[PDB]
Structures are given as C-alpha cells and as structure tokens.
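To start, the structure under review is shown below, and the notes come after it.
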Amino acid sequence: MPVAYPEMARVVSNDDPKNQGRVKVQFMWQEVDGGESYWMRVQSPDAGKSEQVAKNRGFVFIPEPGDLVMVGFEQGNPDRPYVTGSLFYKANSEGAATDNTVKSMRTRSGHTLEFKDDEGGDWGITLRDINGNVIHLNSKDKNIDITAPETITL
Amino acid sequence: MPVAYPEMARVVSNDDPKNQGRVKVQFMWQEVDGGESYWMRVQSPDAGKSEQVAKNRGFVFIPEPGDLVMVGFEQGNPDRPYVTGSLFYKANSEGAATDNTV
Amino acid sequence: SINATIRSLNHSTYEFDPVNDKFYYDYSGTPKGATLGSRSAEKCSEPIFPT
Amino acid sequence: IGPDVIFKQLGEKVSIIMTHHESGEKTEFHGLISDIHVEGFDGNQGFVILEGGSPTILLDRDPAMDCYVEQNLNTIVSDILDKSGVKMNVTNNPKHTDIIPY
C-alpha cells in the first residue's frame with residue numbers, strides 16, 4: 001500500500017450534481033496532457049447547522065475555477081483526497097501594504113469589507129461596492145459617512 | 001531522502017521584497033541561539049483573482065511578528081515549508097464566553 | 001563476467017514554480033557512454049515500453 | 001561467438017515441458033528471458049546463464065502517476081494491459097462488477 005503527501009492542483013469545476021459543495025481539480029501530472037479528478041470535499045474554518053439554521057451554518061466561500069489549491073490525503077491514502085486551502089502567488093497577488101496596514105475581504109463582483117490600521121492617516125472601516133454605495137467609519141476624525149448615488153431610505 | 005511532518009514556529013518578518021505575501025519564521029531549534037528561514041507562503045480560506053478584481057481577491061489577513069503558527073511540508077520534503085494556520089495558547093487568549101455566545 | 005538486462009528509457013519529469021509562475025518539463029536524454037553490450041540491450045528493450 | 005551476439009536473446013520465448021513416463025502426465029510452462037550472464041574462469045570456453053520468468057516480470061519496470069474515474073475492475077485491467085508492449089493471453093473475469101468512483 002502506498003503513502004501520499006500534500007500536492008498542488010488547480011480548480012476546474014464547481015457544479016456538484018449532488019449539491020454538497022464539492023469541486024473538481026487538475027493535478028500537475030495532468031497539466032501537459034489534460035484531465036481531471038472526481039468530486040472532493042473542501043474544508044472550512046466553520047461549518048455545521050442548528051435548529052434555527054437547517055443548512056449552511058458557518059463560513060461558505062467555495063473556490064472558483066482557475067484557483068491554485070493545496071490537496072491533502074486522509075489516512076495517507078491517495079484514493080481519499082480533499083482540499084485544505086488556497087494560495088497566493090505571482091499571478092494573483094499584490095502583497096501587503098506598507099507596515100501591513102490593510103486587512104480585507106473581497107468577492108468577484110467587487111464587494112469589499114476593509115480595515116485600515118494606519119493611525120497617521122486612513123484609519124477606519126469601510127463597506128462598499130463598485131457602483132458607489134459607501135458606509136465609512138472614520139477614526140481619525142470621529143465621523144460616520146453614508147453615501148448613495150441615488151437614494152437613501154429610512 | 002528524509003520525510004518531514006508538521007511543527008510549530010514563530011513569525012519574525014512581513015516585509016517581502018517580491019510583494020507576494022510571504023513571511024519569515026523561527027523554528028524551535030533556533031530559539032536558544034538564533035536564526036531565521038527564507039520566505040514562505042501562507043495559505044488562506046479564499047484566494048484568487050477575477051476580471052473586475054485583478055489582484056488580491058479573497059481573504060487577506062497576513063500574520064504579524066510574534067505569532068505562533070503551524071508549518072507543513074509539501075510532498076514530505078523538508079525543503080518546501082509553508083504556513084497552514086495560527087494558534088491560540090496561554091499568552092494569547094481568554095477563551096470562549098459562557099455557552100460559546102460570542 | 002559480463003551481464004545485460006532490460007530497462008526502460010521512456011520517462012520524463014516536471015516541476016511547477018509559483019514564485020516565477022512557470023511550468024518546467026524534461027523528457028529522456030541521449031547516451032554518452034556505451035559498449036557493444038549496451039547497444040544490444042537497449043535495442044531489445046525498446047518495443048517493451050511504448051508509453 | 002561474442003557476448004554482444006549472445007545478448008540478442010533478451011526477451012525471447014522459453015518452453016519447459018515435464019513428462020512422467022509411467023503415468024503419462026505432463027506439465028508445461030511458457031516464459032521470457034530478462035537477464036543474461038556470460039562467465040568464464042581459468043581459461044575455459046565459458047558458459048551462459050539465462051534468467052527470466054513469467055511475462056508479468058517485464059511489467060515491473062515503469063513507475064508512473066495516473067488515475068481512473070468511474071470505471072470497474074474489468075475496464076481498468078484492459079486499459080493497463082493495452083499500454084504495454086508485452087504480448088500475453090488474458091482471462092478477464094472479476095466478481096465485483098460495480099463502478100468504482102475513483
């Protein structure tokens with residue numbers, strides 16, 4: 001019986017026929033010639049259910065095709081793969097800011113939730129999208145700003 | 001050829017010269033005398049690019065010096081380390097609230 | 001005592017570099033040290049491994 | 001003769017038949033050659049040792065990486081034996097006929 005250790009792959013597909021949040025990847029020995037795997041599970045920092053939330057309780061961010069991931073094998077068996085995380089590298093990363101002063105969460109449409117730690121300017125929290133709706137908590141000045149291109153309703 | 005298994009370390013630097021989000025760590029066998037490693041990758045729950053977001057899409061929270069982390073090795077090779085996650089311990093945490101409500 | 005055996009020369013290796021974002025590939029090679037026995041052994045073992 | 005002319009029998013067929021004269025029973029074997037030694041000591045004319053065995057011996061010299069998605073043992077056996085240059089007679093008849101996902 002063989003023993004396996006973690007590898008790198010690329011996410012290929014997303015449309016799970018059984019509706020369980022599984023993905024398809026392509027390994028590095030399939031790169032020149034093409035090919036893909038079966039459906040495998042993705043692990044999360046939080047997952048479960050409750051009485052008020054029947055399904056999908058926790059952190060649900062399923063990978064997009066083209067992503068570079070790390071694949072692990074449970075019990076050492078190469079027939080039991082699963083995805084452990086995603087990686088930033090040369091093709092998709094701009095790194096950290098000066099003194100590491102920005103922490104963000106973004107989706108593919110452009111939605112953003114951002115924290116800025118620079119106390120010498122640009123210090124606060126922002127929640128916005130690309131169309132122009134902003135909610136900004138300003139810590140240097142102790143202000144709150146709400147901006148909408150068209151209408152604000154209370 | 002040797003085979004390596006995960007172990008703990010401490011973060012010493014964030015300032016990557018190639019601007020790719022890499023960090024430098026200090027292993028437990030470098031504690032008494034001193035030393036560092038080279039730059040290593042950190043894995044994320046979400047990381048990619050898009051057509052509207054050219055770079056830095058996903059969950060971007062890069063560790064800070066003094067953090068306790070777990071280090072894994074790719075293909076079992078001790079020359080291929082990467083950071084898998086951070087740890088809470090005695091000098092770090094106040095734990096969970098009553099009934100885990102926060 | 002001189003011996004010969006059957007071996008396979010149809011092999012390749014690969015590597016992915018994320019710091020430079022490049023995929024490397026290498027296939028087989030060319031002989032540089034051979035005898036008359038080496039040539040007969042490799043000519044006999046050629047049809048066995050076509051993949 | 002020349003050792004490199006003897007070395008041209010690599011991979012050839014070998015037959016072994018044993019007969020019991022009193023009863024008439026038989027035993028037959030067919031195989032292939034995989035190693036050859038040419039030896040000589042003290043200035044004699046030498047001798048030869050032929051080594052080999054069943055054709056499955058020549059299926060043990062090629063480590064690789066591959067995978068099969070959603071097939072049964074019947075199809076996997078045929079695919080493996082179709083990518084080798086060794087000629088063999090096969091009786092393909094397993095008992096587990098269901099599909100194996102990976």
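Chain lettering (A, B, ...) mirrors the order of the structure tokens, residue numbering begins at 1 for each chain separately, and ligand numbering begins at 1 in order of display.
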Pull the closest atom pair for each residue of chain D that gets at most 12 Å from chain A, along with the distance in Å to one decimal, counting only C-alpha atoms, ordering rows by chain and then ascending residue number, as a tab-separated table.
residue	atom	partner	partner_atom	distance
D:64	CA	A:29	CA	9.6
D:65	CA	A:29	CA	7.1
D:66	CA	A:29	CA	8.0
D:67	CA	A:37	CA	7.8
D:68	CA	A:37	CA	8.3
D:69	CA	A:38	CA	6.5
D:70	CA	A:38	CA	8.3
D:71	CA	A:38	CA	11.8
D:100	CA	A:38	CA	10.9
D:101	CA	A:38	CA	7.3
D:102	CA	A:38	CA	6.6
**Non-local contacts of residue 19 (chain C) (9 Å; only C-alpha atoms; under 6 positions in same chain excluded) as a count of residues only** = 5
**Request:** Pick out each residue of region 16-102 of chain D that DSSP on the backbone tags as helix (DSSP H, G or I); I need them as a list in words.
**Result:** residues 55, 56, 57, 58, 59, 73, 74, 75, 76, 77, 78, 79, 80, 81 and 82 of chain D
At a cut-off of 12 Å, list the chain B residues touching chain C, using only C-alpha atoms, as a compact mmCIF listing (two decimals) with N, CA and C atoms, in the first residue's frame.
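Here's the written file iface_17.txt:
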# COMPACT_ATOMS: atom_id res chain seq x y z
N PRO B 17 10.32 41.17 -0.17
CA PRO B 17 10.90 42.02 -1.23
C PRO B 17 10.27 41.82 -2.59
N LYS B 18 9.53 40.74 -2.82
CA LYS B 18 8.91 40.48 -4.11
C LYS B 18 7.42 40.80 -4.13
N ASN B 19 6.86 41.23 -3.00
CA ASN B 19 5.47 41.67 -2.89
C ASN B 19 4.50 40.55 -3.26
N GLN B 20 4.57 39.46 -2.50
CA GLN B 20 3.75 38.29 -2.75
C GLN B 20 3.09 37.74 -1.49
N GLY B 21 3.21 38.42 -0.36
CA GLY B 21 2.55 37.99 0.86
C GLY B 21 3.23 36.90 1.66
N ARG B 22 4.56 36.81 1.59
CA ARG B 22 5.32 35.77 2.27
C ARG B 22 5.88 36.28 3.59
N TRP B 39 11.72 33.05 2.84
CA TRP B 39 10.33 33.47 2.71
C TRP B 39 9.44 32.28 2.35
N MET B 40 8.29 32.17 3.02
CA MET B 40 7.37 31.06 2.83
C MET B 40 5.96 31.57 2.54
N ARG B 41 5.20 30.75 1.83
CA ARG B 41 3.81 31.05 1.51
C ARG B 41 2.89 30.77 2.71
N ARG B 80 10.56 22.38 1.55
CA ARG B 80 9.36 23.01 1.00
C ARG B 80 8.37 23.33 2.11
**Prompt:** Can you tell me how far CA of residue 33 (chain C) sits from CA of residue 40 (chain D), in Å to one decimal?
**Reply:**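 If I compute the distance from CA of residue 33 (chain C) to CA of residue 40 (chain D), I get 25.1 Å.
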When the cut-off is 12 Å and we count only C-alpha atoms, which residues of chain B are near chain A, given as an mmCIF file with N, CA and C atoms, in the first residue's frame?
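The resulting file, selection02.cif, is reproduced below:
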data_model
loop_
_atom_site.group_PDB
_atom_site.id
_atom_site.type_symbol
_atom_site.label_atom_id
_atom_site.label_comp_id
_atom_site.auth_asym_id
_atom_site.auth_seq_id
_atom_site.Cartn_x
_atom_site.Cartn_y
_atom_site.Cartn_z
ATOM 1 N N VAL B 3 11.796 12.429 5.438
ATOM 2 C CA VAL B 3 10.372 12.756 5.420
ATOM 3 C C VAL B 3 10.057 13.627 6.631
ATOM 4 N N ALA B 4 9.345 14.730 6.406
ATOM 5 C CA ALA B 4 9.048 15.707 7.443
ATOM 6 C C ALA B 4 7.551 15.779 7.730
ATOM 7 N N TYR B 5 7.224 16.146 8.963
ATOM 8 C CA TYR B 5 5.876 16.247 9.495
ATOM 9 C C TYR B 5 5.703 17.593 10.182
ATOM 10 N N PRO B 6 4.463 18.072 10.326
ATOM 11 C CA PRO B 6 4.239 19.461 10.760
ATOM 12 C C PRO B 6 4.799 19.790 12.139
ATOM 13 N N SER B 13 8.998 38.270 10.374
ATOM 14 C CA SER B 13 9.037 39.343 9.390
ATOM 15 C C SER B 13 7.863 39.242 8.424
ATOM 16 N N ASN B 14 7.379 40.408 7.974
ATOM 17 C CA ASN B 14 6.335 40.521 6.961
ATOM 18 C C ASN B 14 6.805 41.137 5.651
ATOM 19 N N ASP B 15 7.977 41.776 5.625
ATOM 20 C CA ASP B 15 8.358 42.699 4.552
ATOM 21 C C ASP B 15 8.966 41.950 3.366
ATOM 22 N N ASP B 16 8.095 41.380 2.553
ATOM 23 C CA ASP B 16 8.511 40.571 1.412
ATOM 24 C C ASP B 16 9.094 41.442 0.304
ATOM 25 N N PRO B 17 10.318 41.173 -0.170
ATOM 26 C CA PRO B 17 10.898 42.019 -1.226
ATOM 27 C C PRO B 17 10.273 41.823 -2.595
ATOM 28 N N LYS B 18 9.531 40.744 -2.819
ATOM 29 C CA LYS B 18 8.908 40.481 -4.108
ATOM 30 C C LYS B 18 7.422 40.804 -4.127
ATOM 31 N N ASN B 19 6.860 41.234 -2.998
ATOM 32 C CA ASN B 19 5.470 41.674 -2.894
ATOM 33 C C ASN B 19 4.498 40.554 -3.263
ATOM 34 N N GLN B 20 4.573 39.462 -2.500
ATOM 35 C CA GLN B 20 3.746 38.288 -2.751
ATOM 36 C C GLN B 20 3.086 37.739 -1.492
ATOM 37 N N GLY B 21 3.212 38.419 -0.355
ATOM 38 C CA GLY B 21 2.549 37.992 0.862
ATOM 39 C C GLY B 21 3.234 36.903 1.656
ATOM 40 N N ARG B 22 4.555 36.810 1.589
ATOM 41 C CA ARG B 22 5.317 35.771 2.266
ATOM 42 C C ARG B 22 5.880 36.280 3.590
ATOM 43 N N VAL B 23 6.173 35.341 4.495
ATOM 44 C CA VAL B 23 6.671 35.660 5.827
ATOM 45 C C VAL B 23 7.910 34.825 6.137
ATOM 46 N N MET B 40 8.292 32.169 3.021
ATOM 47 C CA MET B 40 7.365 31.058 2.833
ATOM 48 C C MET B 40 5.963 31.567 2.536
ATOM 49 N N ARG B 41 5.196 30.748 1.826
ATOM 50 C CA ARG B 41 3.808 31.048 1.515
ATOM 51 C C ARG B 41 2.894 30.771 2.705
ATOM 52 N N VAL B 42 1.782 31.500 2.753
ATOM 53 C CA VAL B 42 0.740 31.335 3.760
ATOM 54 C C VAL B 42 -0.545 30.960 3.038
ATOM 55 N N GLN B 43 -1.245 29.951 3.543
ATOM 56 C CA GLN B 43 -2.469 29.501 2.899
ATOM 57 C C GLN B 43 -3.690 30.168 3.518
ATOM 58 N N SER B 44 -4.726 30.324 2.701
ATOM 59 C CA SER B 44 -5.893 31.133 3.004
ATOM 60 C C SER B 44 -7.166 30.333 2.787
ATOM 61 N N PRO B 45 -8.247 30.676 3.492
ATOM 62 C CA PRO B 45 -9.548 30.065 3.172
ATOM 63 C C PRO B 45 -10.123 30.497 1.831
ATOM 64 N N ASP B 46 -9.635 31.585 1.239
ATOM 65 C CA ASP B 46 -10.123 32.065 -0.048
ATOM 66 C C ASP B 46 -9.040 32.922 -0.680
ATOM 67 N N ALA B 47 -8.713 32.653 -1.944
ATOM 68 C CA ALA B 47 -7.628 33.368 -2.606
ATOM 69 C C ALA B 47 -7.724 33.172 -4.110
ATOM 70 N N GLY B 48 -7.731 34.267 -4.859
ATOM 71 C CA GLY B 48 -7.791 34.159 -6.301
ATOM 72 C C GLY B 48 -7.690 35.502 -6.980
ATOM 73 N N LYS B 49 -8.169 35.543 -8.220
ATOM 74 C CA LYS B 49 -8.266 36.769 -9.000
ATOM 75 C C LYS B 49 -9.544 36.716 -9.822
ATOM 76 N N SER B 50 -9.925 37.856 -10.384
ATOM 77 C CA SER B 50 -11.160 37.949 -11.144
ATOM 78 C C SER B 50 -10.975 38.951 -12.273
ATOM 79 N N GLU B 51 -12.029 39.125 -13.067
ATOM 80 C CA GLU B 51 -11.981 40.080 -14.169
ATOM 81 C C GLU B 51 -12.137 41.513 -13.672
ATOM 82 N N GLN B 52 -12.961 41.721 -12.647
ATOM 83 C CA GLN B 52 -13.118 43.032 -12.032
ATOM 84 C C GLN B 52 -12.120 43.280 -10.911
ATOM 85 N N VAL B 53 -11.660 42.230 -10.237
ATOM 86 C CA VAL B 53 -10.633 42.326 -9.206
ATOM 87 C C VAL B 53 -9.380 41.669 -9.772
ATOM 88 N N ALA B 54 -8.438 42.488 -10.239
ATOM 89 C CA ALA B 54 -7.248 41.956 -10.895
ATOM 90 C C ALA B 54 -6.371 41.172 -9.927
ATOM 91 N N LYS B 55 -6.200 41.670 -8.708
ATOM 92 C CA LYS B 55 -5.291 41.059 -7.754
ATOM 93 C C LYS B 55 -5.897 41.104 -6.365
ATOM 94 N N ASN B 56 -5.430 40.190 -5.518
ATOM 95 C CA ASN B 56 -5.726 40.206 -4.089
ATOM 96 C C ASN B 56 -7.219 40.046 -3.821
ATOM 97 N N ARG B 57 -7.813 39.028 -4.430
ATOM 98 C CA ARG B 57 -9.211 38.695 -4.201
ATOM 99 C C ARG B 57 -9.294 37.562 -3.191
ATOM 100 N N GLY B 58 -10.184 37.702 -2.210
ATOM 101 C CA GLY B 58 -10.396 36.675 -1.215
ATOM 102 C C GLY B 58 -10.171 37.201 0.191
ATOM 103 N N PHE B 59 -9.621 36.336 1.034
ATOM 104 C CA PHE B 59 -9.413 36.594 2.453
ATOM 105 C C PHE B 59 -7.930 36.882 2.660
ATOM 106 N N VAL B 60 -7.595 38.137 2.956
ATOM 107 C CA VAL B 60 -6.205 38.586 3.044
ATOM 108 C C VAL B 60 -5.961 39.089 4.463
ATOM 109 N N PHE B 61 -5.376 38.235 5.308
ATOM 110 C CA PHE B 61 -5.024 38.559 6.699
ATOM 111 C C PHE B 61 -3.639 37.964 6.962
ATOM 112 N N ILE B 62 -2.591 38.752 6.730
ATOM 113 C CA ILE B 62 -1.211 38.260 6.794
ATOM 114 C C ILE B 62 -0.680 38.315 8.225
ATOM 115 N N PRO B 63 -0.044 37.251 8.720
ATOM 116 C CA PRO B 63 0.364 37.208 10.132
ATOM 117 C C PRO B 63 1.411 38.254 10.492
ATOM 118 N N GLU B 64 1.466 38.570 11.787
ATOM 119 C CA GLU B 64 2.298 39.618 12.353
ATOM 120 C C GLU B 64 3.402 39.035 13.229
ATOM 121 N N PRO B 65 4.541 39.721 13.346
ATOM 122 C CA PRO B 65 5.657 39.172 14.123
ATOM 123 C C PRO B 65 5.273 38.879 15.565
ATOM 124 N N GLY B 72 3.786 23.196 7.594
ATOM 125 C CA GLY B 72 3.729 21.935 6.893
ATOM 126 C C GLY B 72 4.732 21.899 5.753
ATOM 127 N N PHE B 73 4.944 20.696 5.227
ATOM 128 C CA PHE B 73 5.949 20.459 4.198
ATOM 129 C C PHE B 73 5.309 19.751 3.018
ATOM 130 N N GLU B 74 5.561 20.263 1.820
ATOM 131 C CA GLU B 74 4.914 19.759 0.621
ATOM 132 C C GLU B 74 5.648 18.538 0.094
ATOM 133 N N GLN B 75 4.891 17.476 -0.189
ATOM 134 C CA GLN B 75 5.410 16.187 -0.641
ATOM 135 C C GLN B 75 6.302 15.526 0.400
ATOM 136 N N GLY B 76 6.251 15.992 1.645
ATOM 137 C CA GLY B 76 7.111 15.496 2.696
ATOM 138 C C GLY B 76 8.522 16.032 2.678
ATOM 139 N N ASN B 77 8.844 16.938 1.762
ATOM 140 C CA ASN B 77 10.203 17.441 1.604
ATOM 141 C C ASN B 77 10.476 18.538 2.621
ATOM 142 N N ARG B 80 10.563 22.381 1.550
ATOM 143 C CA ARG B 80 9.364 23.008 0.999
ATOM 144 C C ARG B 80 8.373 23.328 2.111
ATOM 145 N N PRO B 81 8.681 24.297 2.972
ATOM 146 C CA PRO B 81 7.750 24.656 4.045
ATOM 147 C C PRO B 81 6.738 25.726 3.660
ATOM 148 N N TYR B 82 5.574 25.654 4.306
ATOM 149 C CA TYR B 82 4.532 26.662 4.156
ATOM 150 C C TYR B 82 3.727 26.742 5.447
ATOM 151 N N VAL B 83 3.092 27.892 5.666
ATOM 152 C CA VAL B 83 2.303 28.138 6.872
ATOM 153 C C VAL B 83 0.866 27.687 6.636
ATOM 154 N N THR B 84 0.338 26.882 7.556
ATOM 155 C CA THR B 84 -1.015 26.351 7.439
ATOM 156 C C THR B 84 -2.041 27.076 8.300
ATOM 157 N N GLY B 85 -1.645 27.637 9.436
ATOM 158 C CA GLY B 85 -2.584 28.353 10.279
ATOM 159 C C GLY B 85 -1.908 28.802 11.550
ATOM 160 N N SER B 86 -2.637 29.610 12.316
ATOM 161 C CA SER B 86 -2.147 30.202 13.552
ATOM 162 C C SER B 86 -2.787 29.533 14.760
#
**Message:** Please find the residues of chain D near chain C - the criterion being any atom within 10 Å, counting only C-alpha atoms - and write them as a ChimeraX atom specification.
**Reply:** /D:2-12,33-41,46,48-49,51,58-64,83-87
Taking C-alpha atoms for each residue, export the selection above as a compact mmCIF listing (two decimals), in the first residue's frame.
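Wrote result-v9.txt, looks like this:
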# COMPACT_ATOMS: atom_id res chain seq x y z
CA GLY D 2 30.84 -12.84 -28.99
CA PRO D 3 28.99 -11.79 -25.84
CA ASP D 4 27.11 -8.98 -27.61
CA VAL D 5 25.76 -11.52 -30.11
CA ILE D 6 24.62 -13.76 -27.24
CA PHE D 7 22.88 -10.70 -25.71
CA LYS D 8 20.39 -10.69 -28.63
CA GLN D 9 18.21 -13.36 -26.94
CA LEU D 10 16.83 -10.85 -24.43
CA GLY D 11 13.04 -11.05 -24.29
CA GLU D 12 12.67 -14.30 -26.27
CA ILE D 33 14.19 -14.01 -20.85
CA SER D 34 15.11 -10.84 -18.95
CA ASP D 35 18.78 -11.18 -17.82
CA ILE D 36 21.84 -12.90 -19.32
CA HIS D 37 25.25 -13.65 -17.76
CA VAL D 38 28.36 -14.67 -19.72
CA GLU D 39 31.00 -16.21 -17.47
CA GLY D 40 34.41 -17.85 -17.66
CA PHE D 41 37.26 -18.80 -15.33
CA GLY D 46 32.81 -20.37 -20.78
CA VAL D 48 25.87 -18.90 -20.13
CA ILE D 49 23.12 -18.41 -17.53
CA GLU D 51 17.30 -15.77 -16.21
CA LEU D 58 8.51 -7.29 -17.54
CA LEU D 59 5.56 -5.27 -16.16
CA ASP D 60 7.63 -4.15 -13.14
CA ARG D 61 9.99 -1.54 -14.57
CA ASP D 62 7.98 1.67 -15.00
CA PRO D 63 6.77 3.76 -12.02
CA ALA D 64 4.31 6.49 -13.01
CA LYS D 83 -0.48 0.25 -22.92
CA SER D 84 2.33 -2.31 -22.62
CA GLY D 85 4.39 -3.91 -25.36
CA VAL D 86 4.33 -7.38 -23.81
CA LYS D 87 2.11 -9.95 -25.54
**Spatial neighbours of residue 13 (chain C), 8 Å, only C-alpha atoms, chain gap at least 2 places, as a PyMOL selection string** = chain C and resi 11+15+25-27
**Request:** Report the residues of region 14-122 of chain A whose backbone DSSP state falls under strand (DSSP E), written as JSON, numbers by chain.
**Result:** {"A": [24, 25, 26, 27, 47, 48, 57, 58, 68, 69, 70, 71, 72, 73, 81, 82, 83, 84, 85, 86, 87, 102, 103, 104, 105, 106, 112, 113, 114, 115, 116, 117]}
Selected residues written out, N, CA, C and O atoms, as a CSV table (one decimal), in the first residue's frame:
chain,number,residue,atom,x,y,z
A,24,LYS,N,-13.9,19.9,-8.5
A,24,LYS,CA,-13.0,19.1,-9.3
A,24,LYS,C,-11.7,19.9,-9.5
A,24,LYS,O,-11.8,21.1,-9.8
A,25,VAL,N,-10.6,19.1,-9.4
A,25,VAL,CA,-9.3,19.8,-9.6
A,25,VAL,C,-8.5,19.0,-10.7
A,25,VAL,O,-8.9,18.0,-11.1
A,26,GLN,N,-7.4,19.6,-11.1
A,26,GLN,CA,-6.5,19.1,-12.0
A,26,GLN,C,-5.1,19.1,-11.4
A,26,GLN,O,-4.6,20.1,-11.0
A,27,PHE,N,-4.4,18.0,-11.4
A,27,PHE,CA,-3.1,17.8,-10.8
A,27,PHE,C,-2.0,18.3,-11.8
A,27,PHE,O,-2.2,18.6,-13.0
A,47,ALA,N,-18.3,25.3,10.0
A,47,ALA,CA,-19.3,24.6,9.3
A,47,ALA,C,-20.2,23.8,10.3
A,47,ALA,O,-19.7,23.3,11.3
A,48,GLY,N,-21.5,23.7,9.9
A,48,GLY,CA,-22.4,23.0,10.8
A,48,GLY,C,-23.8,23.3,10.5
A,48,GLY,O,-24.2,23.6,9.3
A,57,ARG,N,-24.6,26.6,7.9
A,57,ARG,CA,-24.2,27.4,9.0
A,57,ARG,C,-22.7,27.5,9.1
A,57,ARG,O,-22.0,26.5,9.2
A,58,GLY,N,-22.2,28.7,9.0
A,58,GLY,CA,-20.8,28.9,9.1
A,58,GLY,C,-20.2,29.8,8.0
A,58,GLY,O,-20.9,30.7,7.5
A,68,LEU,N,-5.5,28.1,-7.4
A,68,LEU,CA,-4.4,27.2,-7.0
A,68,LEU,C,-4.6,26.8,-5.6
A,68,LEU,O,-4.7,27.7,-4.7
A,69,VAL,N,-4.7,25.5,-5.4
A,69,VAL,CA,-5.1,25.0,-4.1
A,69,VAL,C,-4.0,23.9,-3.6
A,69,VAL,O,-3.2,23.5,-4.3
A,70,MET,N,-4.2,23.6,-2.3
A,70,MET,CA,-3.4,22.5,-1.7
A,70,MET,C,-4.3,21.3,-1.4
A,70,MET,O,-5.4,21.5,-0.9
A,71,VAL,N,-3.9,20.1,-1.8
A,71,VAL,CA,-4.7,18.9,-1.7
A,71,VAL,C,-4.0,18.0,-0.7
A,71,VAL,O,-2.8,17.7,-0.8
A,72,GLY,N,-4.7,17.5,0.3
A,72,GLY,CA,-4.2,16.5,1.2
A,72,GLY,C,-5.0,15.2,1.1
A,72,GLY,O,-6.0,15.1,0.5
A,73,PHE,N,-4.4,14.2,1.7
A,73,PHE,CA,-4.9,12.8,1.6
A,73,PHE,C,-5.1,12.3,3.0
A,73,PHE,O,-4.2,12.3,3.9
A,81,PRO,N,-8.6,12.1,-1.4
A,81,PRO,CA,-8.2,13.5,-1.4
A,81,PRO,C,-9.2,14.5,-1.0
A,81,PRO,O,-10.4,14.3,-1.0
A,82,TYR,N,-8.7,15.6,-0.5
A,82,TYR,CA,-9.6,16.7,-0.1
A,82,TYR,C,-8.7,18.0,-0.1
A,82,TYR,O,-7.5,18.0,-0.1
A,83,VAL,N,-9.4,19.1,-0.2
A,83,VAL,CA,-8.8,20.5,-0.4
A,83,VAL,C,-8.6,21.1,1.0
A,83,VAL,O,-9.6,21.2,1.8
A,84,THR,N,-7.4,21.6,1.3
A,84,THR,CA,-7.1,22.2,2.6
A,84,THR,C,-7.1,23.7,2.6
A,84,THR,O,-7.4,24.3,3.6
A,85,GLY,N,-6.7,24.3,1.4
A,85,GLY,CA,-6.7,25.8,1.4
A,85,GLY,C,-6.2,26.3,0.0
A,85,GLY,O,-5.9,25.5,-0.9
A,86,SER,N,-6.2,27.6,-0.1
A,86,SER,CA,-5.8,28.3,-1.3
A,86,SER,C,-4.5,29.1,-1.1
A,86,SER,O,-4.2,29.4,0.0
A,87,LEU,N,-3.9,29.4,-2.2
A,87,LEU,CA,-2.6,30.0,-2.2
A,87,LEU,C,-2.5,31.3,-3.0
A,87,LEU,O,-3.1,31.3,-4.1
A,102,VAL,N,-3.5,46.9,6.0
A,102,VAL,CA,-4.8,46.7,5.4
A,102,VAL,C,-5.2,45.2,5.5
A,102,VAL,O,-4.4,44.3,5.2
A,103,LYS,N,-6.4,45.0,5.9
A,103,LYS,CA,-7.0,43.6,6.0
A,103,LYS,C,-8.4,43.7,5.4
A,103,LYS,O,-9.2,44.5,5.8
A,104,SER,N,-8.6,42.8,4.4
A,104,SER,CA,-9.8,43.0,3.5
A,104,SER,C,-10.4,41.6,3.2
A,104,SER,O,-9.9,40.6,3.5
A,105,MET,N,-11.7,41.7,2.7
A,105,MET,CA,-12.4,40.6,2.2
A,105,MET,C,-13.2,41.0,1.0
A,105,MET,O,-14.0,41.9,1.1
A,106,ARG,N,-12.9,40.4,-0.2
A,106,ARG,CA,-13.5,40.8,-1.5
A,106,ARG,C,-14.0,39.6,-2.2
A,106,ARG,O,-13.5,38.5,-2.2
A,112,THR,N,-16.6,44.8,-1.0
A,112,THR,CA,-15.4,44.9,-0.2
A,112,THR,C,-15.8,45.2,1.3
A,112,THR,O,-16.8,45.9,1.5
A,113,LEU,N,-15.1,44.6,2.2
A,113,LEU,CA,-15.1,45.0,3.6
A,113,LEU,C,-13.7,45.1,4.1
A,113,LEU,O,-12.9,44.1,4.0
A,114,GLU,N,-13.3,46.3,4.5
A,114,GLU,CA,-11.9,46.6,4.7
A,114,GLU,C,-11.6,47.3,6.0
A,114,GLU,O,-12.4,48.1,6.5
A,115,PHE,N,-10.5,47.0,6.6
A,115,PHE,CA,-10.0,47.6,7.8
A,115,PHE,C,-8.6,48.2,7.6
A,115,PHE,O,-7.7,47.6,7.0
A,116,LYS,N,-8.4,49.5,8.0
A,116,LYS,CA,-7.2,50.2,7.8
A,116,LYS,C,-6.6,50.5,9.2
A,116,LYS,O,-7.3,51.2,10.0
A,117,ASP,N,-5.4,50.1,9.4
A,117,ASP,CA,-4.8,50.3,10.8
A,117,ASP,C,-3.8,51.5,10.8
A,117,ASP,O,-3.3,51.7,11.9
